Structures are given as structure tokens and as C-alpha cells.
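Undergrad: sequence first, structure after, both from an experimental entry:
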Amino acid sequence: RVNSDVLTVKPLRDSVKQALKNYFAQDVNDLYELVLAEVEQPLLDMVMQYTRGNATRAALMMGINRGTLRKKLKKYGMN
Amino acid sequence: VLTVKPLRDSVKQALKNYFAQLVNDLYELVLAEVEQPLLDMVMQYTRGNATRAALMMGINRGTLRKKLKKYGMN
């Protein structure tokens, strides 16, 4: 049913659901971007700490190329 | 807007726990754990109406149905 259960905070998906439930409880036209930004930022931050700042190693671990990683970091002013 | 307090703090903690347990698919791995529940919640909110769900998410209907298919939710 679900891809993996290695991300736990108690799956991370449950935290996403609760956040959305509380979000809906309080019109929208950018919910995907809203969520994507909220998840990419901490992901990039944690991956860069794990690879001690090595951008190539972070891209490899993420499964994306260096240019894509640079673009994302840039987007969040993490460059 | 997304809190549990902000959602990003839960993402960060989950990644800390995961790394301590240790890869070349971390992005898709995380995206799958976040997209599936988002798709579940929005489809639930709109009672399974793809047009309304896509409009709320800011993506076209074609992209929504592709994601749903990707995760075998269709």
C-alpha cells in the first residue's frame, strides 16, 4: 500500500495527514507547492549536513543530478 | 499553515532518525512518503473529485491522475 516505513518521527505520512487535516480545518489553489516547499527545505538541509556540505555526494544520495540539487537549494535561499 | 510545530520539523526529525539507522533514492523515497498522504487527504476532502482536487493542488488534472496512478491509488 505504501512505498516505505523507514521515515518515522509513527510514520512521517501521519504527520503530513495531521498537518493537512488541521490545514483544511482552518479556497486554495497551490496546495501541492505549499507542501513540496515545506518538505524539500528540511530534506535539503538534512542531506547537506549528512554529506558535510558535499554537493555531489548529496545529489547522489538523493538520486538527482548536481544541477537539480543546486536549483532547489537556490530556490530556498540555501545557496 | 502546515503544522502538527511546523511540519518541516517532523520531516527533519524523521530524516535524523533514518540517517542514524543507515542510498541513492532519498528524494523519491521522501516524495513518496509525502505525496501519497497529500493525494489521500485531498481526494478525501473533495470526495474523490479529481478536477476539484487538482484545482486545489494547483496542478492540472492530467498530472493528478498520473500521480494517483504512480502510487497505485487509482
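TA: Sure thing, it's come through. Numbering: from 1, shown residues only, chains lettered A, B, ... in the order given.

Undergrad: mind checking the longest helix of chain A?
TA: Secondary structure of chain A per DSSP state H: the longest helix is helix A:31-50.

Undergrad: got the angle for that one vs helix B:7-21?
TA: Angular relation of helix A:31-50 and helix B:7-21 on a 0 to 180 degree scale: 40 degrees, by axes from the mean of the first three to the mean of the last three C-alpha atoms, to 10 degrees.

Undergrad: can you spell out which helices and strands pack onto the next helix or strand after helix A:31-50?
TA: Sequence order places helix A:55-62 as the next helix or strand after helix A:31-50, per DSSP states H and E. Helix A:55-62 sits against helix A:31-50, helix A:66-75, helix B:26-45, with contacts defined as 3 or more C-beta pairs under 8 Å, 6 or more residues apart in numbering or on different chains; DSSP states H and E. Using the backbone N, CA and C atoms, a C-beta is placed for each residue, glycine as well.

Undergrad: buried residues in helix A:55-62?
TA: Applying a neighbour-count criterion of 16 or more other C-beta atoms under 10 Å in any protein chain shown, one finds A:58-62 buried in helix A:55-62.

Undergrad: other residues contacting stretch A:1-18?
TA: In this structure, residues lying in contact with stretch A:1-18 by C-beta atoms under 8 Å, 6 or more residues apart in numbering or on different chains are A:35, A:39, B:4, B:7, B:10-11, B:13-15, B:17-18, B:21, B:29-30, B:32-34, B:36-38, B:40-41, B:71.

Undergrad: show the contacting residues for the residue of chain A positioned farthest from its centre.
TA: Most distant from the centre of chain A: residue A:27, at 24.3 Å, with distances by C-alpha atoms, centre = their mean. Contact partners of residue A:27, counting by C-beta under 8 Å, 6+ apart, are residue B:56.

Undergrad: and what of the one 4 residues further on?
TA: Under the criterion of C-beta under 8 Å, 6+ apart, the contact list for residue A:31 reads B:38, B:42, B:56-58.

Undergrad: residue A:56 too?
TA: So residue A:56 contacts residue A:66 (C-beta under 8 Å, 6+ apart).

Undergrad: isn't residue A:41 right next to residue A:75, touching?
TA: No. Under the criterion of C-beta atoms under 8 Å, residue A:41 makes no contact with residue A:75, lying 9.2 Å away.

Undergrad: neighbour count: those two, which is higher?
TA: When neighbours are counted by other C-beta atoms under 10 Å in any protein chain shown, residue A:41 and residue A:75 differ, and residue A:41 comes out ahead with 19 against 13.
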